[PDB]
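Okay, start04.pdb now, which holds PDB, N, CA and C atoms:
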ATOM      1  N   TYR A1525     -11.180   2.967 -24.827
ATOM      2  CA  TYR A1525     -12.372   3.020 -25.739
ATOM      3  C   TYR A1525     -12.982   1.604 -25.886
ATOM      4  N   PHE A1526     -12.131   0.607 -26.154
ATOM      5  CA  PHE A1526     -12.548  -0.810 -26.161
ATOM      6  C   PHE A1526     -12.750  -1.335 -24.727
ATOM      7  N   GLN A1527     -13.770  -2.191 -24.536
ATOM      8  CA  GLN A1527     -14.126  -2.766 -23.220
ATOM      9  C   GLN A1527     -14.408  -4.265 -23.332
ATOM     10  N   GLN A1532      -5.009  -6.533 -17.732
ATOM     11  CA  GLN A1532      -4.357  -5.308 -18.203
ATOM     12  C   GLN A1532      -3.468  -4.702 -17.088
ATOM     13  N   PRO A1533      -2.363  -5.389 -16.734
ATOM     14  CA  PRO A1533      -1.724  -5.194 -15.436
ATOM     15  C   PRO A1533      -1.009  -3.839 -15.312
ATOM     16  N   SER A1534      -1.130  -3.214 -14.144
ATOM     17  CA  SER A1534      -0.473  -1.935 -13.879
ATOM     18  C   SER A1534      -0.104  -1.745 -12.406
ATOM     19  N   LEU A1535       0.683  -0.698 -12.170
ATOM     20  CA  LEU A1535       1.044  -0.260 -10.849
ATOM     21  C   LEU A1535       0.736   1.235 -10.801
ATOM     22  N   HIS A1536       0.001   1.619  -9.776
ATOM     23  CA  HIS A1536      -0.346   2.988  -9.506
ATOM     24  C   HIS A1536       0.086   3.276  -8.070
ATOM     25  N   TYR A1537       1.090   4.141  -7.884
ATOM     26  CA  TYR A1537       1.603   4.443  -6.542
ATOM     27  C   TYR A1537       1.910   5.912  -6.409
ATOM     28  N   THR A1538       1.671   6.462  -5.228
ATOM     29  CA  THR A1538       2.137   7.816  -4.962
ATOM     30  C   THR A1538       3.616   7.740  -4.608
ATOM     31  N   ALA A1539       4.299   8.881  -4.682
ATOM     32  CA  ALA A1539       5.644   9.001  -4.186
ATOM     33  C   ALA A1539       5.757   8.572  -2.739
ATOM     34  N   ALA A1540       4.728   8.846  -1.930
ATOM     35  CA  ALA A1540       4.783   8.506  -0.546
ATOM     36  C   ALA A1540       4.746   6.992  -0.387
ATOM     37  N   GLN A1541       3.940   6.326  -1.192
ATOM     38  CA  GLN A1541       3.902   4.853  -1.157
ATOM     39  C   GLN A1541       5.230   4.263  -1.603
ATOM     40  N   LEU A1542       5.808   4.827  -2.647
ATOM     41  CA  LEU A1542       7.133   4.353  -3.101
ATOM     42  C   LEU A1542       8.258   4.609  -2.077
ATOM     43  N   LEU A1543       8.139   5.696  -1.330
ATOM     44  CA  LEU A1543       9.090   5.939  -0.223
ATOM     45  C   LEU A1543       8.981   4.896   0.838
ATOM     46  N   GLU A1544       7.743   4.584   1.206
ATOM     47  CA  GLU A1544       7.501   3.647   2.250
ATOM     48  C   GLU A1544       8.040   2.289   1.854
ATOM     49  N   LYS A1545       8.012   1.992   0.554
ATOM     50  CA  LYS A1545       8.514   0.717   0.045
ATOM     51  C   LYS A1545      10.040   0.714  -0.135
ATOM     52  N   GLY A1546      10.670   1.867  -0.044
ATOM     53  CA  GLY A1546      12.106   1.949  -0.228
ATOM     54  C   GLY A1546      12.513   2.094  -1.682
ATOM     55  N   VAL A1547      11.530   2.140  -2.578
ATOM     56  CA  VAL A1547      11.753   2.379  -4.010
ATOM     57  C   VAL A1547      12.137   3.812  -4.301
ATOM     58  N   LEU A1548      11.468   4.789  -3.674
ATOM     59  CA  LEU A1548      11.821   6.189  -3.853
ATOM     60  C   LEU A1548      12.772   6.595  -2.763
ATOM     61  N   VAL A1549      13.819   7.333  -3.133
ATOM     62  CA  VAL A1549      14.864   7.791  -2.199
ATOM     63  C   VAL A1549      14.665   9.255  -1.859
ATOM     64  N   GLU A1550      14.445  10.056  -2.886
ATOM     65  CA  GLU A1550      14.259  11.501  -2.764
ATOM     66  C   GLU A1550      13.647  12.096  -4.000
ATOM     67  N   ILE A1551      13.046  13.277  -3.842
ATOM     68  CA  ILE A1551      12.681  14.095  -4.972
ATOM     69  C   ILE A1551      13.298  15.452  -4.680
ATOM     70  N   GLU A1552      14.315  15.796  -5.453
ATOM     71  CA  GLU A1552      15.044  17.025  -5.200
ATOM     72  C   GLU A1552      14.097  18.232  -5.268
ATOM     73  N   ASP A1553      14.206  19.137  -4.297
ATOM     74  CA  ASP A1553      13.376  20.360  -4.228
ATOM     75  C   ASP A1553      11.882  20.090  -4.018
ATOM     76  N   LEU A1554      11.513  18.908  -3.511
ATOM     77  CA  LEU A1554      10.111  18.683  -3.168
ATOM     78  C   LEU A1554      10.098  18.191  -1.740
ATOM     79  N   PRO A1555       9.468  18.962  -0.851
ATOM     80  CA  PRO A1555       9.284  18.501   0.516
ATOM     81  C   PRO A1555       8.477  17.173   0.565
ATOM     82  N   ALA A1556       8.868  16.302   1.477
ATOM     83  CA  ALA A1556       8.192  15.039   1.752
ATOM     84  C   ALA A1556       6.673  15.154   1.857
ATOM     85  N   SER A1557       6.185  16.271   2.410
ATOM     86  CA  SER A1557       4.764  16.477   2.633
ATOM     87  C   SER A1557       3.953  16.520   1.349
ATOM     88  N   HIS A1558       4.623  16.727   0.225
ATOM     89  CA  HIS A1558       3.966  16.736  -1.045
ATOM     90  C   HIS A1558       4.003  15.383  -1.775
ATOM     91  N   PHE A1559       4.643  14.395  -1.192
ATOM     92  CA  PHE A1559       4.843  13.096  -1.890
ATOM     93  C   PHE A1559       3.518  12.390  -2.161
ATOM     94  N   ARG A1560       2.513  12.610  -1.307
ATOM     95  CA  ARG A1560       1.169  12.076  -1.557
ATOM     96  C   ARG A1560       0.579  12.600  -2.861
ATOM     97  N   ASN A1561       1.053  13.745  -3.333
ATOM     98  CA  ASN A1561       0.497  14.365  -4.514
ATOM     99  C   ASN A1561       1.418  14.222  -5.713
ATOM    100  N   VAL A1562       2.256  13.189  -5.703
ATOM    101  CA  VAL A1562       3.030  12.848  -6.891
ATOM    102  C   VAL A1562       2.593  11.418  -7.176
ATOM    103  N   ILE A1563       2.128  11.147  -8.380
ATOM    104  CA  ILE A1563       1.548   9.851  -8.694
ATOM    105  C   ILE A1563       2.269   9.235  -9.873
ATOM    106  N   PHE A1564       2.703   7.975  -9.683
ATOM    107  CA  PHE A1564       3.335   7.172 -10.739
ATOM    108  C   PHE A1564       2.432   6.063 -11.226
ATOM    109  N   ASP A1565       2.368   5.851 -12.539
ATOM    110  CA  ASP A1565       1.635   4.740 -13.115
ATOM    111  C   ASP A1565       2.591   4.023 -14.040
ATOM    112  N   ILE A1566       2.761   2.725 -13.816
ATOM    113  CA  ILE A1566       3.708   1.913 -14.568
ATOM    114  C   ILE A1566       2.949   0.783 -15.249
ATOM    115  N   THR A1567       3.149   0.653 -16.544
ATOM    116  CA  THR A1567       2.490  -0.374 -17.342
ATOM    117  C   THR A1567       3.519  -1.047 -18.223
ATOM    118  N   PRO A1568       3.249  -2.303 -18.645
ATOM    119  CA  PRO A1568       4.167  -2.957 -19.560
ATOM    120  C   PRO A1568       4.175  -2.253 -20.893
ATOM    121  N   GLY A1569       5.355  -2.154 -21.487
ATOM    122  CA  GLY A1569       5.556  -1.467 -22.740
ATOM    123  C   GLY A1569       5.401  -2.425 -23.903
ATOM    124  N   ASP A1570       5.927  -1.991 -25.039
ATOM    125  CA  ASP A1570       5.693  -2.650 -26.302
ATOM    126  C   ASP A1570       6.873  -3.542 -26.740
ATOM    127  N   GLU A1571       7.714  -3.923 -25.775
ATOM    128  CA  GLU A1571       8.844  -4.801 -25.984
ATOM    129  C   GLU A1571       9.060  -5.547 -24.671
ATOM    130  N   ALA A1572       9.727  -6.697 -24.774
ATOM    131  CA  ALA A1572      10.119  -7.488 -23.613
ATOM    132  C   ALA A1572      10.956  -6.645 -22.681
ATOM    133  N   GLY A1573      10.623  -6.649 -21.393
ATOM    134  CA  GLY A1573      11.446  -5.959 -20.401
ATOM    135  C   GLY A1573      11.218  -4.434 -20.365
ATOM    136  N   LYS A1574      10.296  -3.931 -21.178
ATOM    137  CA  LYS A1574      10.083  -2.470 -21.288
ATOM    138  C   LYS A1574       8.852  -2.103 -20.487
ATOM    139  N   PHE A1575       8.949  -1.019 -19.723
ATOM    140  CA  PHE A1575       7.833  -0.514 -18.931
ATOM    141  C   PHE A1575       7.680   0.967 -19.197
ATOM    142  N   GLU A1576       6.430   1.388 -19.324
ATOM    143  CA  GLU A1576       6.122   2.768 -19.605
ATOM    144  C   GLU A1576       5.769   3.387 -18.270
ATOM    145  N   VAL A1577       6.464   4.467 -17.923
ATOM    146  CA  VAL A1577       6.233   5.166 -16.668
ATOM    147  C   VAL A1577       5.588   6.500 -17.004
ATOM    148  N   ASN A1578       4.423   6.717 -16.429
ATOM    149  CA  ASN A1578       3.727   7.969 -16.520
ATOM    150  C   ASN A1578       3.754   8.505 -15.108
ATOM    151  N   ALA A1579       3.636   9.827 -14.982
ATOM    152  CA  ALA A1579       3.608  10.441 -13.691
ATOM    153  C   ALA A1579       2.854  11.764 -13.759
ATOM    154  N   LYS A1580       2.334  12.159 -12.602
ATOM    155  CA  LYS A1580       1.649  13.456 -12.456
ATOM    156  C   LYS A1580       2.218  14.034 -11.197
ATOM    157  N   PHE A1581       2.968  15.133 -11.305
ATOM    158  CA  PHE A1581       3.603  15.744 -10.166
ATOM    159  C   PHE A1581       2.746  16.981  -9.778
ATOM    160  N   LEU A1582       2.129  16.965  -8.605
ATOM    161  CA  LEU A1582       1.345  18.126  -8.165
ATOM    162  C   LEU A1582       0.384  18.574  -9.232
ATOM    163  N   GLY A1583      -0.327  17.623  -9.838
ATOM    164  CA  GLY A1583      -1.319  17.944 -10.834
ATOM    165  C   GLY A1583      -0.838  18.098 -12.275
ATOM    166  N   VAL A1584       0.479  18.090 -12.494
ATOM    167  CA  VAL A1584       1.042  18.313 -13.813
ATOM    168  C   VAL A1584       1.462  16.991 -14.470
ATOM    169  N   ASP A1585       0.902  16.708 -15.638
ATOM    170  CA  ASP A1585       1.221  15.508 -16.423
ATOM    171  C   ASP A1585       2.684  15.570 -16.911
ATOM    172  N   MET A1586       3.444  14.508 -16.643
ATOM    173  CA  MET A1586       4.810  14.419 -17.101
ATOM    174  C   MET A1586       4.906  13.648 -18.402
ATOM    175  N   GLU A1587       6.008  13.866 -19.096
ATOM    176  CA  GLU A1587       6.291  13.182 -20.331
ATOM    177  C   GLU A1587       6.557  11.709 -19.986
ATOM    178  N   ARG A1588       5.843  10.833 -20.668
ATOM    179  CA  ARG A1588       6.038   9.398 -20.607
ATOM    180  C   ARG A1588       7.496   9.109 -20.841
ATOM    181  N   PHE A1589       8.041   8.150 -20.128
ATOM    182  CA  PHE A1589       9.303   7.580 -20.596
ATOM    183  C   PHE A1589       9.361   6.067 -20.292
ATOM    184  N   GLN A1590      10.439   5.457 -20.750
ATOM    185  CA  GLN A1590      10.518   4.016 -20.894
ATOM    186  C   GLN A1590      11.634   3.490 -20.017
ATOM    187  N   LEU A1591      11.293   2.539 -19.134
ATOM    188  CA  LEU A1591      12.257   1.850 -18.273
ATOM    189  C   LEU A1591      12.498   0.494 -18.954
ATOM    190  N   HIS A1592      13.758   0.091 -19.054
ATOM    191  CA  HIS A1592      14.109  -1.215 -19.566
ATOM    192  C   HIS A1592      14.735  -2.027 -18.441
ATOM    193  N   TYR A1593      14.179  -3.205 -18.223
ATOM    194  CA  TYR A1593      14.639  -4.055 -17.155
ATOM    195  C   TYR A1593      16.144  -4.327 -17.307
ATOM    196  N   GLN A1594      16.612  -4.517 -18.544
ATOM    197  CA  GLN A1594      18.030  -4.837 -18.777
ATOM    198  C   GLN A1594      18.956  -3.682 -18.383
ATOM    199  N   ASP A1595      18.476  -2.450 -18.552
ATOM    200  CA  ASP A1595      19.223  -1.267 -18.089
ATOM    201  C   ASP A1595      19.334  -1.245 -16.551
ATOM    202  N   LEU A1596      18.250  -1.565 -15.846
ATOM    203  CA  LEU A1596      18.285  -1.677 -14.411
ATOM    204  C   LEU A1596      19.255  -2.800 -13.952
ATOM    205  N   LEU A1597      19.208  -3.940 -14.612
ATOM    206  CA  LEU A1597      20.173  -5.030 -14.303
ATOM    207  C   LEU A1597      21.594  -4.566 -14.534
ATOM    208  N   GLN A1598      21.827  -3.779 -15.572
ATOM    209  CA  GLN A1598      23.189  -3.285 -15.841
ATOM    210  C   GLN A1598      23.644  -2.317 -14.717
ATOM    211  N   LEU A1599      22.742  -1.440 -14.279
ATOM    212  CA  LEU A1599      23.043  -0.577 -13.147
ATOM    213  C   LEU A1599      23.403  -1.376 -11.928
ATOM    214  N   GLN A1600      22.580  -2.373 -11.632
ATOM    215  CA  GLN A1600      22.763  -3.195 -10.475
ATOM    216  C   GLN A1600      24.119  -3.948 -10.549
ATOM    217  N   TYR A1601      24.447  -4.392 -11.741
ATOM    218  CA  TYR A1601      25.697  -5.162 -11.985
ATOM    219  C   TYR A1601      26.928  -4.251 -11.745
ATOM    220  N   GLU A1602      26.787  -2.992 -12.156
ATOM    221  CA  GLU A1602      27.804  -1.942 -12.017
ATOM    222  C   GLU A1602      27.923  -1.385 -10.591
ATOM    223  N   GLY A1603      27.032  -1.805  -9.708
ATOM    224  CA  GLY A1603      27.027  -1.360  -8.323
ATOM    225  C   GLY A1603      26.413   0.005  -8.134
ATOM    226  N   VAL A1604      25.564   0.435  -9.063
ATOM    227  CA  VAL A1604      24.919   1.753  -8.990
ATOM    228  C   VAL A1604      23.655   1.621  -8.094
ATOM    229  N   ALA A1605      23.527   2.483  -7.092
ATOM    230  CA  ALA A1605      22.477   2.356  -6.119
ATOM    231  C   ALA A1605      21.182   2.940  -6.611
ATOM    232  N   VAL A1606      21.273   4.024  -7.360
ATOM    233  CA  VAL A1606      20.106   4.819  -7.707
ATOM    234  C   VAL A1606      20.065   5.214  -9.182
ATOM    235  N   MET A1607      18.859   5.494  -9.640
ATOM    236  CA  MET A1607      18.661   6.045 -10.952
ATOM    237  C   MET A1607      17.696   7.220 -10.797
ATOM    238  N   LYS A1608      17.777   8.179 -11.701
ATOM    239  CA  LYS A1608      16.967   9.390 -11.604
ATOM    240  C   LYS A1608      15.836   9.246 -12.599
ATOM    241  N   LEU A1609      14.627   9.538 -12.141
ATOM    242  CA  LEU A1609      13.455   9.571 -13.025
ATOM    243  C   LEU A1609      12.961  11.008 -13.053
ATOM    244  N   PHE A1610      12.486  11.451 -14.211
ATOM    245  CA  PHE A1610      11.990  12.815 -14.362
ATOM    246  C   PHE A1610      12.962  13.844 -13.788
ATOM    247  N   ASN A1611      14.271  13.658 -14.011
ATOM    248  CA  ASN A1611      15.332  14.593 -13.554
ATOM    249  C   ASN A1611      15.616  14.727 -12.032
ATOM    250  N   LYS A1612      14.590  14.783 -11.204
ATOM    251  CA  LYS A1612      14.794  15.020  -9.780
ATOM    252  C   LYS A1612      14.324  13.906  -8.850
ATOM    253  N   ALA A1613      13.704  12.849  -9.367
ATOM    254  CA  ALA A1613      13.262  11.742  -8.510
ATOM    255  C   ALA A1613      14.294  10.637  -8.504
ATOM    256  N   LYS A1614      14.831  10.292  -7.363
ATOM    257  CA  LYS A1614      15.864   9.263  -7.311
ATOM    258  C   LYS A1614      15.219   8.015  -6.779
ATOM    259  N   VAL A1615      15.422   6.890  -7.457
ATOM    260  CA  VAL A1615      14.811   5.628  -7.079
ATOM    261  C   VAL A1615      15.915   4.613  -6.844
ATOM    262  N   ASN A1616      15.699   3.738  -5.875
ATOM    263  CA  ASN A1616      16.671   2.710  -5.543
ATOM    264  C   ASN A1616      16.563   1.590  -6.578
ATOM    265  N   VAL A1617      17.666   1.289  -7.259
ATOM    266  CA  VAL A1617      17.672   0.329  -8.344
ATOM    267  C   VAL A1617      17.252  -1.060  -7.838
ATOM    268  N   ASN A1618      17.825  -1.553  -6.724
ATOM    269  CA  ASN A1618      17.479  -2.881  -6.257
ATOM    270  C   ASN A1618      15.994  -3.022  -5.953
ATOM    271  N   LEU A1619      15.428  -2.021  -5.279
ATOM    272  CA  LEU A1619      14.048  -2.134  -4.868
ATOM    273  C   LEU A1619      13.056  -1.877  -6.018
ATOM    274  N   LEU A1620      13.478  -1.104  -7.009
ATOM    275  CA  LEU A1620      12.700  -0.980  -8.256
ATOM    276  C   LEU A1620      12.663  -2.287  -8.988
ATOM    277  N   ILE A1621      13.819  -2.940  -9.133
ATOM    278  CA  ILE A1621      13.849  -4.270  -9.752
ATOM    279  C   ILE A1621      12.893  -5.231  -9.032
ATOM    280  N   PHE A1622      12.952  -5.240  -7.701
ATOM    281  CA  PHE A1622      12.087  -6.086  -6.895
ATOM    282  C   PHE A1622      10.610  -5.770  -7.109
ATOM    283  N   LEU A1623      10.244  -4.499  -7.111
ATOM    284  CA  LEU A1623       8.850  -4.126  -7.390
ATOM    285  C   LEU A1623       8.351  -4.540  -8.787
ATOM    286  N   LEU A1624       9.132  -4.250  -9.824
ATOM    287  CA  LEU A1624       8.829  -4.717 -11.166
ATOM    288  C   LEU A1624       8.685  -6.259 -11.246
ATOM    289  N   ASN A1625       9.595  -6.988 -10.630
ATOM    290  CA  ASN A1625       9.509  -8.463 -10.541
ATOM    291  C   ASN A1625       8.210  -8.969  -9.900
ATOM    292  N   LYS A1626       7.912  -8.427  -8.724
ATOM    293  CA  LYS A1626       6.792  -8.846  -7.908
ATOM    294  C   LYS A1626       5.483  -8.552  -8.614
ATOM    295  N   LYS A1627       5.388  -7.357  -9.179
ATOM    296  CA  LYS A1627       4.135  -6.906  -9.763
ATOM    297  C   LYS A1627       3.924  -7.372 -11.225
ATOM    298  N   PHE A1628       4.992  -7.611 -11.979
ATOM    299  CA  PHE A1628       4.871  -7.881 -13.413
ATOM    300  C   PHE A1628       5.490  -9.190 -13.921
ATOM    301  N   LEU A1629       6.754  -9.432 -13.589
ATOM    302  CA  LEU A1629       7.512 -10.558 -14.181
ATOM    303  C   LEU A1629       7.098 -11.911 -13.612
ATOM    304  N   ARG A1630       6.459 -11.892 -12.429
ATOM    305  CA  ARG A1630       5.922 -13.099 -11.777
ATOM    306  C   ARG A1630       4.604 -13.529 -12.444
TER     307      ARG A1630
END
Represent the structure contained in this file as structure tokens.
Amino acid sequence: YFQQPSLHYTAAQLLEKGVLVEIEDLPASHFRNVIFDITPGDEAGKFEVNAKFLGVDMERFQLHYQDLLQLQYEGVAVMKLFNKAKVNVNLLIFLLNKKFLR
């Protein structure tokens, strides 16, 4: 309404980057039609992830950089977003760093 860094990527773009690993029960051919938008949240290290899967708006949720670091420290390779999307923790950290923390 008033007249602001973000990331807007399809699942297919995130696959190509190695950030997305799989989406359970979704054929690869549909990855172009899954869209992620990531913006900085309302706390340090917090990012708000919005998504639209095949035209359907998903419930916003919150990624915390410190949680990703804890996964990485624990040797966990992947984290699940929206129940069925698996993302590579190392490459998500790298994308968040490159696009936001720099």
Residues picked by the PyMOL selection byres ((chain A and resi 1563-1569) around 8) here, as number ranges by chain?
A: 1532-1540, 1559-1562, 1570-1583, 1590-1591, 1628
Would you output that residue set with N, CA and C atoms, as a PDB file, in the frame of the given file?
ATOM      1  N   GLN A1532      -5.009  -6.533 -17.732  1.00  0.00           N
ATOM      2  CA  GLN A1532      -4.357  -5.308 -18.203  1.00  0.00           C
ATOM      3  C   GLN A1532      -3.468  -4.702 -17.088  1.00  0.00           C
ATOM      4  N   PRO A1533      -2.363  -5.389 -16.734  1.00  0.00           N
ATOM      5  CA  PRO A1533      -1.724  -5.194 -15.436  1.00  0.00           C
ATOM      6  C   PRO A1533      -1.009  -3.839 -15.312  1.00  0.00           C
ATOM      7  N   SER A1534      -1.130  -3.214 -14.144  1.00  0.00           N
ATOM      8  CA  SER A1534      -0.473  -1.935 -13.879  1.00  0.00           C
ATOM      9  C   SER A1534      -0.104  -1.745 -12.406  1.00  0.00           C
ATOM     10  N   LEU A1535       0.683  -0.698 -12.170  1.00  0.00           N
ATOM     11  CA  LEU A1535       1.044  -0.260 -10.849  1.00  0.00           C
ATOM     12  C   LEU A1535       0.736   1.235 -10.801  1.00  0.00           C
ATOM     13  N   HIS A1536       0.001   1.619  -9.776  1.00  0.00           N
ATOM     14  CA  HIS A1536      -0.346   2.988  -9.506  1.00  0.00           C
ATOM     15  C   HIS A1536       0.086   3.276  -8.070  1.00  0.00           C
ATOM     16  N   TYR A1537       1.090   4.141  -7.884  1.00  0.00           N
ATOM     17  CA  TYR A1537       1.603   4.443  -6.542  1.00  0.00           C
ATOM     18  C   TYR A1537       1.910   5.912  -6.409  1.00  0.00           C
ATOM     19  N   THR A1538       1.671   6.462  -5.228  1.00  0.00           N
ATOM     20  CA  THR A1538       2.137   7.816  -4.962  1.00  0.00           C
ATOM     21  C   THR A1538       3.616   7.740  -4.608  1.00  0.00           C
ATOM     22  N   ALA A1539       4.299   8.881  -4.682  1.00  0.00           N
ATOM     23  CA  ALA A1539       5.644   9.001  -4.186  1.00  0.00           C
ATOM     24  C   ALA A1539       5.757   8.572  -2.739  1.00  0.00           C
ATOM     25  N   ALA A1540       4.728   8.846  -1.930  1.00  0.00           N
ATOM     26  CA  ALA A1540       4.783   8.506  -0.546  1.00  0.00           C
ATOM     27  C   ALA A1540       4.746   6.992  -0.387  1.00  0.00           C
ATOM     28  N   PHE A1559       4.643  14.395  -1.192  1.00  0.00           N
ATOM     29  CA  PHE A1559       4.843  13.096  -1.890  1.00  0.00           C
ATOM     30  C   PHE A1559       3.518  12.390  -2.161  1.00  0.00           C
ATOM     31  N   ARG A1560       2.513  12.610  -1.307  1.00  0.00           N
ATOM     32  CA  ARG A1560       1.169  12.076  -1.557  1.00  0.00           C
ATOM     33  C   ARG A1560       0.579  12.600  -2.861  1.00  0.00           C
ATOM     34  N   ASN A1561       1.053  13.745  -3.333  1.00  0.00           N
ATOM     35  CA  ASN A1561       0.497  14.365  -4.514  1.00  0.00           C
ATOM     36  C   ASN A1561       1.418  14.222  -5.713  1.00  0.00           C
ATOM     37  N   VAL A1562       2.256  13.189  -5.703  1.00  0.00           N
ATOM     38  CA  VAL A1562       3.030  12.848  -6.891  1.00  0.00           C
ATOM     39  C   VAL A1562       2.593  11.418  -7.176  1.00  0.00           C
ATOM     40  N   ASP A1570       5.927  -1.991 -25.039  1.00  0.00           N
ATOM     41  CA  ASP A1570       5.693  -2.650 -26.302  1.00  0.00           C
ATOM     42  C   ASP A1570       6.873  -3.542 -26.740  1.00  0.00           C
ATOM     43  N   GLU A1571       7.714  -3.923 -25.775  1.00  0.00           N
ATOM     44  CA  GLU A1571       8.844  -4.801 -25.984  1.00  0.00           C
ATOM     45  C   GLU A1571       9.060  -5.547 -24.671  1.00  0.00           C
ATOM     46  N   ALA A1572       9.727  -6.697 -24.774  1.00  0.00           N
ATOM     47  CA  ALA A1572      10.119  -7.488 -23.613  1.00  0.00           C
ATOM     48  C   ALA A1572      10.956  -6.645 -22.681  1.00  0.00           C
ATOM     49  N   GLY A1573      10.623  -6.649 -21.393  1.00  0.00           N
ATOM     50  CA  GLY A1573      11.446  -5.959 -20.401  1.00  0.00           C
ATOM     51  C   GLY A1573      11.218  -4.434 -20.365  1.00  0.00           C
ATOM     52  N   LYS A1574      10.296  -3.931 -21.178  1.00  0.00           N
ATOM     53  CA  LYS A1574      10.083  -2.470 -21.288  1.00  0.00           C
ATOM     54  C   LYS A1574       8.852  -2.103 -20.487  1.00  0.00           C
ATOM     55  N   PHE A1575       8.949  -1.019 -19.723  1.00  0.00           N
ATOM     56  CA  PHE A1575       7.833  -0.514 -18.931  1.00  0.00           C
ATOM     57  C   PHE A1575       7.680   0.967 -19.197  1.00  0.00           C
ATOM     58  N   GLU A1576       6.430   1.388 -19.324  1.00  0.00           N
ATOM     59  CA  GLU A1576       6.122   2.768 -19.605  1.00  0.00           C
ATOM     60  C   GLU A1576       5.769   3.387 -18.270  1.00  0.00           C
ATOM     61  N   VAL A1577       6.464   4.467 -17.923  1.00  0.00           N
ATOM     62  CA  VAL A1577       6.233   5.166 -16.668  1.00  0.00           C
ATOM     63  C   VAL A1577       5.588   6.500 -17.004  1.00  0.00           C
ATOM     64  N   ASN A1578       4.423   6.717 -16.429  1.00  0.00           N
ATOM     65  CA  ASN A1578       3.727   7.969 -16.520  1.00  0.00           C
ATOM     66  C   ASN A1578       3.754   8.505 -15.108  1.00  0.00           C
ATOM     67  N   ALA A1579       3.636   9.827 -14.982  1.00  0.00           N
ATOM     68  CA  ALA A1579       3.608  10.441 -13.691  1.00  0.00           C
ATOM     69  C   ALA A1579       2.854  11.764 -13.759  1.00  0.00           C
ATOM     70  N   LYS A1580       2.334  12.159 -12.602  1.00  0.00           N
ATOM     71  CA  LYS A1580       1.649  13.456 -12.456  1.00  0.00           C
ATOM     72  C   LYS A1580       2.218  14.034 -11.197  1.00  0.00           C
ATOM     73  N   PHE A1581       2.968  15.133 -11.305  1.00  0.00           N
ATOM     74  CA  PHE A1581       3.603  15.744 -10.166  1.00  0.00           C
ATOM     75  C   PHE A1581       2.746  16.981  -9.778  1.00  0.00           C
ATOM     76  N   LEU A1582       2.129  16.965  -8.605  1.00  0.00           N
ATOM     77  CA  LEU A1582       1.345  18.126  -8.165  1.00  0.00           C
ATOM     78  C   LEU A1582       0.384  18.574  -9.232  1.00  0.00           C
ATOM     79  N   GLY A1583      -0.327  17.623  -9.838  1.00  0.00           N
ATOM     80  CA  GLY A1583      -1.319  17.944 -10.834  1.00  0.00           C
ATOM     81  C   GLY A1583      -0.838  18.098 -12.275  1.00  0.00           C
ATOM     82  N   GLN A1590      10.439   5.457 -20.750  1.00  0.00           N
ATOM     83  CA  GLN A1590      10.518   4.016 -20.894  1.00  0.00           C
ATOM     84  C   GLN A1590      11.634   3.490 -20.017  1.00  0.00           C
ATOM     85  N   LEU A1591      11.293   2.539 -19.134  1.00  0.00           N
ATOM     86  CA  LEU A1591      12.257   1.850 -18.273  1.00  0.00           C
ATOM     87  C   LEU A1591      12.498   0.494 -18.954  1.00  0.00           C
ATOM     88  N   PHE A1628       4.992  -7.611 -11.979  1.00  0.00           N
ATOM     89  CA  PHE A1628       4.871  -7.881 -13.413  1.00  0.00           C
ATOM     90  C   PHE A1628       5.490  -9.190 -13.921  1.00  0.00           C
TER      91      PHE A1628
END
Could you state which residues are captured by the PyMOL selection byres ((chain A and resi 1595-1605) around 7) in this file, as a PyMOL selection string?
chain A and resi 1591-1594+1606-1607+1615-1618+1621
Please enclose the listed atoms of region 1567-1582 of chain A in an axis-aligned box, pad each side by 4 Å, and write out the centre and the three edge lengths in Å, rounded to one decimal, as AutoDock Vina command-line options.
--center_x 5.9 --center_y 5.5 --center_z -17.5 --size_x 19.1 --size_y 34.1 --size_z 26.6
Sel. of strand (DSSP E or B) residues, chain A, as a PyMOL selection string:
chain A and resi 1535-1538+1548-1551+1562-1568+1574-1581+1584-1585+1589-1592+1606-1609+1613-1616
Quick check on the file I pasted: which residues fall under the PyMOL selection byres ((chain A and resi 1549-1555) around 7)? Write them as number ranges by chain.
A: 1542-1543, 1546-1548, 1556-1559, 1611-1616
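Pairwise distance (atom N of residue 1630 (chain A), atom N of residue 1609 (chain A)) equals 22.9 Å.
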Which residues in chain A does DSSP call helix (DSSP H, G or I)? List them as a ChimeraX atom specification.
/A:1539-1545,1556-1561,1593-1601,1617-1629
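Coordinates place CA of residue 1586 (chain A) at a distance of 21.8 Å from atom N of residue 1545 (chain A).
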Atom C of residue 1622 (chain A) to atom N of residue 1525 (chain A) measures 29.4 Å
